[PDB]
Amino acid sequence: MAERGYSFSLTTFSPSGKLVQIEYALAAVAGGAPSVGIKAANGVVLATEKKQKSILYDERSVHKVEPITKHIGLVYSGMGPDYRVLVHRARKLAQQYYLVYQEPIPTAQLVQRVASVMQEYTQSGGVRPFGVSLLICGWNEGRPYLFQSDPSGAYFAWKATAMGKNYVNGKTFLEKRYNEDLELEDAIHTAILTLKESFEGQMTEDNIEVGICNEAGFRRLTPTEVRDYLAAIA
Amino acid sequence: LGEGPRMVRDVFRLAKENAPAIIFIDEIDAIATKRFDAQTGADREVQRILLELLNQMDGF
Amino acid sequence: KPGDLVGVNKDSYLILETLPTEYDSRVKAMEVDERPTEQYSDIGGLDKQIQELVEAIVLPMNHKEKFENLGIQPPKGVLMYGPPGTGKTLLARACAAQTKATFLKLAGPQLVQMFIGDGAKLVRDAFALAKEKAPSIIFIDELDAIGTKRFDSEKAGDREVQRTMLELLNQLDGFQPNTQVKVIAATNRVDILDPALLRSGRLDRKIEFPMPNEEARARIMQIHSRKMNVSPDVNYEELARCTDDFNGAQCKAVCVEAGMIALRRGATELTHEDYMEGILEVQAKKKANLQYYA
Amino acid sequence: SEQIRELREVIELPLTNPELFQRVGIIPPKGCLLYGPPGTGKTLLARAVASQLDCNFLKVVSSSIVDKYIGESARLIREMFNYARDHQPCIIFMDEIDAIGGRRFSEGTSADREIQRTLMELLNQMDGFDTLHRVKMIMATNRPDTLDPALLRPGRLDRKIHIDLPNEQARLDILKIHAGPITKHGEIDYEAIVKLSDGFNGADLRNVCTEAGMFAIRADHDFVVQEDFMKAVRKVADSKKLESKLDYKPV
Amino acid sequence: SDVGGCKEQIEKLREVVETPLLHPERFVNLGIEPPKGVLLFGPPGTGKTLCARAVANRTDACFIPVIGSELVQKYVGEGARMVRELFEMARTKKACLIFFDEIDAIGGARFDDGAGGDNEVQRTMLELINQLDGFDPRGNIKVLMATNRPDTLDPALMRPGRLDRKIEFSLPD
Amino acid sequence: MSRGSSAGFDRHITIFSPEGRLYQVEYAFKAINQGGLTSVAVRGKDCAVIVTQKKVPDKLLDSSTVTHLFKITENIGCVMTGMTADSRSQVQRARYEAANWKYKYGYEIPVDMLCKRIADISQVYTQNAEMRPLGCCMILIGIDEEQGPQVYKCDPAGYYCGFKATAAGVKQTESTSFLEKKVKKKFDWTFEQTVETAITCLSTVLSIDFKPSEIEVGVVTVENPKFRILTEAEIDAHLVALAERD
Amino acid sequence: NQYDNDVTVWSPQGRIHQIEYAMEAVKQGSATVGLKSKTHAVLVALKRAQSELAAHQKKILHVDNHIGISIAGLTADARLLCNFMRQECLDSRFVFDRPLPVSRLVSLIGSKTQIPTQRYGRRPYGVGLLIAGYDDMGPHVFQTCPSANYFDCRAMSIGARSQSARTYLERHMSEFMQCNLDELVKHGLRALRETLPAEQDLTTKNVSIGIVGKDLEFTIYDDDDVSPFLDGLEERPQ
Amino acid sequence: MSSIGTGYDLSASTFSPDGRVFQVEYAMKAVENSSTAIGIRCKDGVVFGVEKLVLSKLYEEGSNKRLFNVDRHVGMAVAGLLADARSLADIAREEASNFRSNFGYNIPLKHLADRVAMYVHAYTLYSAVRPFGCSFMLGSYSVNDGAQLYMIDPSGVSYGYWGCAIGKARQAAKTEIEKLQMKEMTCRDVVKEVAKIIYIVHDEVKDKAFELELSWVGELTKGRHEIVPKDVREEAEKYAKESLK
Amino acid sequence: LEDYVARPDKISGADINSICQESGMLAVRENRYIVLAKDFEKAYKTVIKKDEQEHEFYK
Amino acid sequence: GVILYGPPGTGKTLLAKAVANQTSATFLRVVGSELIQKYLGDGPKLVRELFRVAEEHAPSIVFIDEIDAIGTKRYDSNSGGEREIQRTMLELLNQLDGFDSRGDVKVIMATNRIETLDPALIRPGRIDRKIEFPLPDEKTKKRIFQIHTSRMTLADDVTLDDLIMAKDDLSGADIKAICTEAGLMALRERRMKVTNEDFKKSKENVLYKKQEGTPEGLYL
């Protein structure tokens with residue numbers, strides 16, 4: 001910039017067979033608030049709980065569910081600062097793809113493209129590897145898509161996965177209740193159950209947000225609707 | 001010095017005669033060190049309390 | 001009363017005698033030794049600073065009535081800071097002899113001791129020793145030695161040293177007197193200390209000694225010329241102009257060293273070469289060549 | 001003054017009667033932790049409330065509690081409380097609680113060996129099976145981040161009182177008392193001192209008067225003058241900031 | 001013979017070292033303050049100790065060399081008692097030369113981080129530094145320090161009158 | 001230990017650590033307290049008001065020149081809280097970002113958008129090891145072009161979210177607590193009431209009560225989009241109003 | 001210590017120790033006297049050789065035929081500054097078509113010297129140049145150091161044993177200014193001989209002169225006309 | 001501070017437990033070690049005064065420049081180490097130079113002080129380059145604010161001043177400025193008075209001699225920034241020596 | 001009982017006891033045997049701290 | 001003395017013990033890691049004792065096994081700390097020559113490499129000669145094996161050549177490892193015989209553990 005700068009990698013392997021910083025990052029995603037993403041196979045629902053704990057947040061805008069474009073949405077896990085760049089990044093990518101295809105960015109394709117930039121950030125110096133896990137939803141080409149993007153760069157396509165606080169318990173409930181190719185009603189219900197698994201972020205409607213992707217695009221849900229789904233779980 | 005392990009045996013013994021009885025230690029630390037210096041008389045004495053304790057545990 | 005010594009017979013425990021309360025052997029070393037005068041005029045330059053130290057330290061003790069007339073409290077302590085050789089210790093000695101003032105030599109590591117918990121009691125004994133002597137100057141060398149608190153140490157880190165820095169504060173709060181006794185504190189690095197130990201109104205006055213300048217160099221060189229010969233060709237004042245600034249200890253050291261070459265030859269006279277050689281004697285060498293650095 | 005009230009509830013009220021707290025339904029808190037940025041008055045706060053009440057007062061050096069001899073250190077902590085219990089109503093003040101405070105250790109030295117034991121005893125007397133009927137304990141700490149994790153967690157150090165460095169109103173009134181013993185020259189300068197004052201602490205408040213006396217003598221006055229108060233406020237602010245940076249708002 | 005005999009390095013060392021011990025008379029006569037400290041430095045094997053032994057023999061002052069690693073013993077503060085008493089004793093003694101051999105054992109860095117701490121080392125190092133000139137004028141008894149790093153030294157040690165000229169014996173010329 | 005332990009090089013530069021955030025990042029939060037400023041932010045429904053302490057450390061200052069209130073655009077105004085060294089530098093960076101929108105868009109940037117571009121900016125500092133994160137936070141007020149008066153704040157690590165009420169300072173947790181009870185008990189918000197809530201809350205926690213030349217109040221009203229400095233006479237007016245509430 | 005471990009790391013001395021190391025490189029270098037009149041600026045430099053069976057070579061390096069430099073320090077480092085200086089003279093001629101203002105010229109060098117001093121642990125250039133230039137203001141003799149700070153001197157002498165040369169400049173401080181050009185070179189060799197002991201005295205082989213001015217380009221005399229100037233001794237009595 | 005053996009005071013992209021870099025603080029000592037620069041804001045212009053220490057008796061005025069003319073209405077008076085002062089001078093000159101040429105009017109200072117301080121601060125953030133160990137002031141006469149004087153510290157903090165001194169006796173100089181009314185006084189009288197404060201600072205038992213550089217940007221020069229005319233310069237120094245005694 | 005527990009994250013039992021103890025103390029300062037809604041809530045937030053602060057610590 | 005470095009496993013340890021018998025020097029063995037220990041100030045005192053005792057014994061060689069250890073590790077498990085490591089490292093230097101200049105005490109230093117060794121310790125002119133072993137070839141390997149075959153149960157089912165050939169240019173240690181693992185292996189079977197079958201199984205484990213040929217085969 002007006003300096004010499006860095007270029008040395010902050011990660012060095014181990015005779016273990018691990019990269020050290022990504023393992024510290026994995027601990028930060030677990031320290032987050034529960035975020036679940038399930039592809040039903042009749043739409044994709046991303047639900048999260050957001051620790052505000054004072055409801056002195058006049059957000060009719062930015063949230064933990066933020067639409068990237070009109071049929072892609074994003075939900076994160078962990079810490080907010082890392083999210084902020086990734087959400088802006090995704091919107092830019094959405095714009096690049098919009099110009100040529102003019103159908104906004106497809107999910108399989110998005111992940112590869114984010115994954116490549118995330119890998120550099122580890123591989124290079126003067127940048128560091130994230131400690132956020134993104135859950136990406138989309139409905140495009142008459143198929144719902146759910147992917148999970150790890151803080152290393154890795155991408156896996158899931159039917160249902162969990163992150164945030166008490167993910168180990170979440171993934172295990174998800175296998176039992178949810179089985180592959182069950183209904184939109186089941187996907188939503190278990191999704192809200194994982195948040196309820198352990199809450200503790202002030203129980204008011206504006207402290208959970210869900211955004212749903214379906215055949216007509218992506219919209220985030222009003223906090224009042226979200227509460228009704230919760231109300232069922234005791 | 002010298003009295004510190006002697007205390008442990010008697011108090012621990014009171015429990016045994018009038019059995020069942022509970023010996024409850026509030027905070028077991030300042031004695032339950034896994035490291036002793038063992039060069040000054042002060043360190044040696046803590047090391048002697050721990051040594052008695054272990055023996056006595058089987059004794060109950 | 002509690003704290004008093006009393007004798008008791010071993011052969012059957014009766015009180016042999018009553019003795020008054022008294023300090024450890026280490027503390028006896030700590031008491032007066034006295035330092036001799038450098039005289040205000042004679043300790044070269046730093047004129048604005050002669051006033052700052054004299055006013056703060058020696059005057060509230062000796063010239064006490066003027067202070068009583070002002071209505072201020074005596075200073076809790078003073079600090080001397082800046083890089084070495086600026087005459088911080090040097091000025092204090094000048095003052096110590098002329099007025100007559102108790103200067104307690106204390107070595108900063110001496111408070112710390114092999115005996116656990118007792119090291120701190122030595123700090124109390126030292127502060128105590130000043131109360132009785134009051135007003136007193138307790139001369140402390142190297143404040144780093146008293147310790148630095150910042151510990152979360154579960155792996156080593158002693159914590160004799162932790163007690164000893166903490167103990168100074170204890171003695172230092174108003175509850176236990178310290179109003180009348182001044183502590184002359186000195187450190188080259190205040191870049192390693194914490195605010196609890198330092199910071200104004202715990203050690204009230206903070207005295208700076210910035211780098212010298214030509215006139216200050218001029219007065220030191222003038223005192224020195226009387227004692228040993230100095231060349232017409234070059235004087236350290238003159239030398240400084242071409243080069244840059246240098247501290248007062250540096251000016252005297254080059255000067256003694258210049259004489260050293262000359263003594264060695266067998267001449268009492270000094271040349272310009274002896275001084276130039278002197279600059280070179282201070283620097284390091286490992287390839288000794290100014291024909292590669294030609 | 002507000003920060004002094006919070007302290008007062010624990011210290012003064014149970015001494016006359018514990019009945020006042022009994023009325024509400026709950027035992028009165030034990031152990032006041034004074035913390036505040038460096039130089040505020042944390043140690044002073046303990047001392048002052050005690051002096052006013054005129055109840056028996058133990059002022060204790062905490063680096064006098066520990067000594068070479070083992071369990072001798074165990075004896076002092078139970079003993080300071082036991083004397084205090086005998087002579088109730090009472091206040092026990094230990095200054096700089098860090099000395100007694102240990103860590104978890106067991107890689108320690110002999111010095112550390114002793115410190116964990118004093119630490120251990122204090123828990124058991126203070127909030128444990130044993131309780132304190134009207135003895136209140138006042139702790140003064142510059143930074144609490146040396147103390148054992150059991151101690152740090154509230155329900156030992158129940159009250160976590162933070163004492164904030166001098167107010168804009170406070171600096172004006174403080175300054176005045178310290179000025180009063182002094183001989184004037186028709187000083188008005190007080191208003192100028194607060195505006196100039198930055199980073200000021202209680203210790204700093206005292207100091208601007210202290211330094212002014214020294215400068216007067218240079219001026220050739222046997223009483224403080226107008227010039228010396230302006231010189232003093234600027235001189236103390238520059239020096240503090242430049243040499244090191246205070247810890248604002250301890251744990 | 002292994003020294004290289006008279007080197008440039010040896011001769012520079014004699015002016016400071018030999019000459020006041022042998023004759024303080026010449027010092028007072030000219031009116032020069034007597035020197036104090038020479039700091040000998042360089043990585044292992046540049047001969048800080050070899051040259052110091054050679055000048056020691058020549059001056060023929062009584063010679064006590066000591067490793068600091070034995071003036072560190074037991075816990076913190078016992079090693080410190082040893083350093084002050086030894087130094088004083090030498091100072092009393094007229095025409096003493098002390099060559100302090102390899103000090104990164106009473107000569108290391110000054111810090112703590114509160115996961116360790118250099119303290120035990122620093123108590124002793126500081127005790128040495130204090131004593132060399134003293135808070136008193138100076139004596140005419142010489143101190144030489146041999147250090148393994150020039151990177152560990154704090155400014156108190158460096159002041160002239162506890163270290164008048166720095167001589168670098170690193171990688172002989 | 002913790003908050004000063006190596007595990008990579010994460011107590012030196014930004015990389016994650018055993019603490020599940022970043023050490024370097026946490027010093028940047030700790031840094032806010034050092035400056036000595038505390039702010040209370042209230043969002044009205046006729047204005048959006050920020051009151052922060054204005055750091056006055058001389059008596060040779062002109063009032064106008066010495067402030068922390070800055071005009072980013074003719075729609076957005078801000079206060080800087082934290083370290084003043086970091087404050088001037090972030091504001092100049094924001095200004096280029098505001099201006100960059102300003103030519104392209106042809107209209108005043110939304111308060112939400114201004115905060116989004118700067119927040120991301122504070123993230124670059126945070127992501128990089130080339131530079132350390134900002135020791136300050138910028139708290140924005142402005143009339144959003146349809147949503148209404150809006151208060152957004154971006155973190156020193158750069159994440160932003162909307163607020164009814166915000167606080168950042170020396171005592172971030174306590175001011176926020178005082179502030180929720182003022183919102184709960186709802187006096188309603190006019191120009192004067194909302195300003196009044198905001199100042200009192202800043203006064204009650206720290207326990208000072210100010211001169212009008214040692215607090216600063218900055219508003220963006222729906223009188224005009226342009227940001228104004230109210231100056232001491234109007235700031236004094238608000239101080240007197242606080243008495244005999246609620 | 002640990003505050004000269006890089007030049008980014010600041011000293012609690014008020015000046016980094018590394019800046020001051022660079023000042024010793026220049027002192028260790030060649031004795032040089034630089035004086036000016038009110039038409040001409042003269043650089044008197046002392047040559048040195050690295051072998052016995054070698055004929056000594058100029059320590060005056062050309063910047064150009066209108067601004068010129070004398071090195072005190074490293075030959076390489078002086079030349080490194082020189083190349084930049086040479087470029088400026090090449091541009092001055094394009095833009096202005098005059099000899100570049102000397103004060104201007106020195107500030108651009110100072111900007112360059114400033115840069116490694118800013119960088120992590122990088123070396124400040126350990127040459128001092130006495131720069132003789134002729135512009136529309138008059139002659140200028142400047143002292144440039146290992147810092148970015150330049151001095152405008154009437155006469156200055158830098159390098160080894162230069163104080164004896166410096167008392168000469170003081171004695172004839174007014175004289176240089178009024179004198180004719182031949183005399184200006186004559187006081188410089190008298191001053192330069194003062195650095196050397198009574199024994200060691202300047203000869204045509206080890207004398208390099210750089211003269212620049214109103215009337216003439218930068219010319220180096222190595223044995224070209226060193227001799228008539230060399231004439232008359234007057235050394236400092238050591 | 002700390003004197004840790006790896007970083008914090010050996011880097012400056014690393015903050016301390018409290019949030020501060022020790023490296024800027026070490027640099028802050030540097031302004032204190034050398035001579036003062038005083039600068040007071042008038043309302044008809046600004047008057048600057050820097051005492052230039054006569055270290056060598058074979059110097060002439062324009063040597064070790066502490067006074068720069070930033071533009072033709074902007075000044076810069078520095079105190080502290082002259083090498084960091086030069087850098088700061090170069091940036092300031094280019095920033096001022098583009099604004100007169102392009103806009104066609106005088107620069108309002110408050111923005112300028114913020115930009116330059118941004119430059120100082122951007123370098124502090126970096127560990128690859130250094131904090132600037134100079135303190136400097138900028139002064140200007142404007143047709144949008146009138147006179148403005150801002151002082152920027154080695155930390156990159158900007159505050160406006162009615163009257164400043166940065167140097168080896170801030171406390172003595174600031175106080176003398178406080179007593180006097182120069183805040184809205186006429187530039188002509190000020191010239192004498194700024195010099196007189198320099199006289200108090202200077203010692204004849206810590207300094208030999210100094211050469212006064214004052215700079216006008218005020219009513220004599222008709223708002224043009226020039227270094228003090230030789231007649232005026234002398235007059236102001238003459239008063240400074242005479243009035244003490 | 002539902003409201004107070006819900007709002008923060010989980011804490012040690014001793015932490016629960018102490019904040020409750022503080023409520024009891026704020027009631028005594030006013031001089032009231034009945035501890036108010038305001039007292040109970042104000043005490044709850046304090047001691048432990050960080051129970052409303054997610055406004056730069058957003059998760 | 002001598003400094004023994006190169007590929008580890010050549011038979012660096014056998015060599016000190018064997019040469020020691022021929023000279024008939026009193027053989028003192030002490031590990032370099034044993035000198036840094038919990039106890040505070042005991043660390044340099046021990047090093048003095050090590051040298052003092054070697055000297056008294058008269059002809060002596062001190063084989064210091066695994067001295068590489070002080071340098072490689074900053075242990076963080078000693079209460080003596082970084083202080084301990086510093087003070088120990090100097091004392092050995094002092095006792096060696098120093099101003100002490102003890103004679104008749106040879107130190108043979110076994111190290112992995114002397115590029116991983118601490119730079120204080122290492123320096124020429126305390127140890128005049130340094131020996132770097134080459135990679136052991138197929139040829140050297142046969143002679144060592146004939147000796148082990150003589151020490152082992154004798155049969156025609158001992159097949160030496162096959163095992164040596166298969167392996168690459170690699171240590172002396174392996175020849176020892178193949179023989180020791182082969183006997184152990186026999187016990188698992190409930191056989192007191194060591195046959196070609198025990199050896200073939202032994203070849204796999206020894207080869208993997210030591211360096212392993214299947215990574216290297218690509219790069220070659």
# chains A, B, ... in the order shown; residues from 1 in each chain; ligands from 1
$ closest_atom_pairs --of "chain E" --to "chain H" --cutoff "8 Å" --atoms "only C-alpha atoms" --output "Markdown table"
| residue | atom | partner | partner_atom | distance |
| --- | --- | --- | --- | --- |
| E:109 | CA | H:5 | CA | 7.7 |
| E:110 | CA | H:3 | CA | 7.3 |
| E:111 | CA | H:4 | CA | 5.9 |
| E:112 | CA | H:4 | CA | 7.3 |
| E:113 | CA | H:4 | CA | 7.3 |
$ residues_around --residues "residue 55 of chain I" --least-positions-apart "2" --cutoff "10 Å" --atoms "only C-alpha atoms" --output "list in words"
residues 51, 52, 53, 54, 56 and 57 of chain A; 153, 154, 155, 159, 160, 161, 162, 163, 166, 167, 168, 172, 173 and 176 of chain F; 52, 53, 57, 58 and 59 of chain I
$ write_last_selection --atoms "C-alpha atoms" --output "tab-separated table (two decimals), in the first residue's frame"
chain	number	residue	atom	x	y	z
A	51	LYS	CA	-27.75	-13.42	19.46
A	52	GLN	CA	-28.70	-9.85	19.87
A	53	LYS	CA	-29.87	-10.36	23.40
A	54	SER	CA	-31.43	-6.78	23.83
A	56	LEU	CA	-32.33	-2.85	20.33
A	57	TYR	CA	-31.63	-3.75	16.76
F	153	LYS	CA	-22.78	1.40	13.76
F	154	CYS	CA	-19.80	-0.46	12.23
F	155	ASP	CA	-17.42	-2.18	14.53
F	159	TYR	CA	-19.40	-5.61	10.99
F	160	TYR	CA	-22.47	-3.44	10.96
F	161	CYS	CA	-26.00	-3.85	12.06
F	162	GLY	CA	-29.06	-1.44	12.66
F	163	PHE	CA	-30.02	-0.20	16.14
F	166	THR	CA	-26.53	1.74	20.67
F	167	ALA	CA	-23.67	2.43	22.91
F	168	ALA	CA	-19.87	2.06	22.57
F	172	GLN	CA	-20.00	-0.70	26.39
F	173	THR	CA	-22.16	-3.23	28.37
F	176	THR	CA	-26.53	-0.41	26.71
I	52	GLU	CA	-26.64	-7.16	26.19
I	53	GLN	CA	-23.39	-6.51	24.40
I	57	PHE	CA	-19.47	-8.84	19.39
I	58	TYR	CA	-22.13	-9.93	17.14
I	59	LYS	CA	-22.42	-13.76	16.75
$ residues_around --residues "segment 199-207 of chain F" --least-positions-apart "2" --cutoff "7 Å" --atoms "only C-alpha atoms" --output "count of residues only"
11
$ residues_around --residues "residue 48 of chain F" --least-positions-apart "4" --cutoff "6 Å" --atoms "only C-alpha atoms" --output "short mmCIF file (atom, residue, chain, number, x, y, z; two decimals) with C-alpha atoms, in the first residue's frame"
data_model
loop_
_atom_site.label_atom_id
_atom_site.label_comp_id
_atom_site.auth_asym_id
_atom_site.auth_seq_id
_atom_site.Cartn_x
_atom_site.Cartn_y
_atom_site.Cartn_z
CA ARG F 43 -32.95 6.56 17.08
CA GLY F 44 -35.93 8.86 17.01
CA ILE F 141 -26.89 9.07 11.71
CA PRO F 149 -34.17 8.19 10.53
CA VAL F 220 -29.61 14.81 11.11
#
$ interface_residues --of "chain I" --to "chain D" --cutoff "8 Å" --atoms "only C-alpha atoms" --output "compact mmCIF listing (two decimals) with N, CA, C and O atoms, in the first residue's frame"
# COMPACT_ATOMS: atom_id res chain seq x y z
N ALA I 14 -22.98 -20.15 41.02
CA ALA I 14 -22.54 -19.12 41.87
C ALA I 14 -22.75 -17.78 41.31
O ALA I 14 -23.01 -16.89 42.07
N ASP I 15 -22.68 -17.59 39.93
CA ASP I 15 -22.92 -16.34 39.21
C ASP I 15 -24.33 -15.92 39.30
O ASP I 15 -24.67 -14.73 39.46
N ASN I 17 -26.43 -16.89 41.76
CA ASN I 17 -26.64 -16.53 43.12
C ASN I 17 -26.22 -15.10 43.42
O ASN I 17 -26.96 -14.38 44.08
N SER I 18 -25.02 -14.70 42.92
CA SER I 18 -24.48 -13.34 43.22
C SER I 18 -25.27 -12.16 42.67
O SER I 18 -25.45 -11.21 43.37
N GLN I 21 -28.19 -11.74 44.65
CA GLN I 21 -27.72 -11.15 45.88
C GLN I 21 -27.62 -9.64 45.72
O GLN I 21 -28.11 -8.88 46.58
N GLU I 22 -27.15 -9.16 44.53
CA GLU I 22 -27.12 -7.75 44.18
C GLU I 22 -28.43 -7.05 44.11
O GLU I 22 -28.66 -5.93 44.61
N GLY I 24 -31.01 -7.99 45.82
CA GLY I 24 -31.41 -7.91 47.17
C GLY I 24 -30.82 -6.68 47.89
O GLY I 24 -31.46 -6.07 48.69
N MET I 25 -29.58 -6.36 47.54
CA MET I 25 -28.77 -5.18 47.96
C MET I 25 -29.27 -3.88 47.43
O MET I 25 -29.29 -2.94 48.25
N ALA I 27 -32.33 -3.18 46.75
CA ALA I 27 -33.57 -3.00 47.44
C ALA I 27 -33.32 -2.33 48.79
O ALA I 27 -34.02 -1.41 49.20
N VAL I 28 -32.27 -2.68 49.51
CA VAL I 28 -31.84 -2.20 50.80
C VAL I 28 -31.42 -0.71 50.66
O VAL I 28 -31.55 0.12 51.58
N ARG I 29 -30.81 -0.34 49.53
CA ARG I 29 -30.30 1.08 49.32
C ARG I 29 -31.34 2.08 49.23
O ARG I 29 -31.29 3.12 49.87
N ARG I 32 -36.14 -0.76 50.89
CA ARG I 32 -37.39 -1.40 50.60
C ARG I 32 -37.17 -2.85 50.82
O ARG I 32 -36.09 -3.33 50.50
N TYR I 33 -38.15 -3.59 51.45
CA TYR I 33 -38.06 -5.09 51.64
C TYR I 33 -38.40 -5.82 50.37
O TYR I 33 -37.97 -6.92 50.12
N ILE I 34 -39.27 -5.14 49.56
CA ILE I 34 -39.75 -5.64 48.28
C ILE I 34 -38.63 -5.13 47.35
O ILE I 34 -38.33 -3.97 47.34
N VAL I 35 -38.02 -6.06 46.56
CA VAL I 35 -37.11 -5.71 45.54
C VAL I 35 -37.92 -5.50 44.25
O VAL I 35 -38.77 -6.37 43.88
N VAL I 47 -22.33 -7.24 37.51
CA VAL I 47 -21.47 -8.28 38.14
C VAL I 47 -20.85 -9.07 37.01
O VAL I 47 -19.68 -8.83 36.63
N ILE I 48 -21.66 -9.99 36.31
CA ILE I 48 -21.31 -10.90 35.21
C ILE I 48 -20.91 -10.18 34.03
O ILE I 48 -20.01 -10.69 33.37
$ atom_distance --atom1 "atom CA of residue 98 of chain H" --atom2 "atom CA of residue 153 of chain H"
24.4 Å
$ residues_around --residues "residue 69 of chain J" --least-positions-apart "3" --cutoff "9 Å" --atoms "only C-alpha atoms" --output "compact mmCIF listing (two decimals) with N, CA and C atoms, in the first residue's frame"
# COMPACT_ATOMS: atom_id res chain seq x y z
N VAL J 31 23.35 -38.14 28.93
CA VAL J 31 22.49 -37.63 27.86
C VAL J 31 22.49 -36.15 28.01
N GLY J 32 22.40 -35.43 26.88
CA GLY J 32 22.35 -34.03 26.90
C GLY J 32 21.04 -33.40 27.51
N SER J 33 19.88 -34.14 27.25
CA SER J 33 18.57 -33.72 27.76
C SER J 33 18.49 -33.90 29.25
N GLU J 66 22.90 -37.88 22.29
CA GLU J 66 21.75 -37.07 22.06
C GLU J 66 21.91 -35.67 22.64
N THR J 72 17.22 -28.48 20.05
CA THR J 72 16.08 -28.71 19.20
C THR J 72 14.84 -28.21 19.94
N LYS J 73 14.77 -28.49 21.27
CA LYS J 73 13.69 -28.26 22.12
C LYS J 73 13.95 -27.20 23.04
N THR J 111 25.17 -36.70 17.43
CA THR J 111 24.17 -35.83 17.05
C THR J 111 23.47 -36.45 15.87
N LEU J 117 21.90 -28.66 15.62
CA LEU J 117 22.60 -28.37 16.81
C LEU J 117 22.71 -26.93 17.05
$ select_by_dssp --residues "segment 34-181 of chain G" --states "strand (DSSP E or B)" --output "NGL selection string"
:G and (34-36 or 40-46 or 48 or 57 or 60-61 or 67-72 or 119 or 128-134 or 139-144 or 150-153 or 155-158)
$ interface_residues --of "chain J" --to "chain E" --cutoff "9 Å" --atoms "only C-alpha atoms" --output "list in words"
residues 39, 40, 41, 42, 44, 45, 76, 79, 81, 82, 83, 84, 86, 87, 88, 90, 91, 94, 98, 99, 119, 120, 121, 122, 123, 124, 125 and 126 of chain J
$ residues_around --residues "residue 120 of chain A" --least-positions-apart "2" --cutoff "12 Å" --atoms "only C-alpha atoms" --output "ChimeraX atom specification"
/A:7-11,113-118,122-130,151-153
$ residues_around --residues "residue 214 of chain H" --least-positions-apart "6" --cutoff "12 Å" --atoms "only C-alpha atoms" --output "MDAnalysis selection string"
chainID H and resid 37:40 46:52 61:62 65:69 75:77 187:188 190:196 198 225:237
$ atom_distance --atom1 "atom CA of residue 8 of chain J" --atom2 "atom CA of residue 140 of chain J"
15.8 Å
$ interface_residues --of "chain D" --to "chain H" --cutoff "12 Å" --atoms "only C-alpha atoms" --output "JSON, numbers by chain"
{"D": [37, 143, 145, 189, 192, 196, 215, 226, 227, 228, 229, 230, 231, 232, 233, 234, 235, 236, 237, 238, 239, 240, 241, 242, 243, 244, 245, 246, 247, 248, 249, 250, 251]}
$ closest_residue --among "D:103, D:30, D:87, D:78" --to "chain E" --atoms "only C-alpha atoms"
D:103
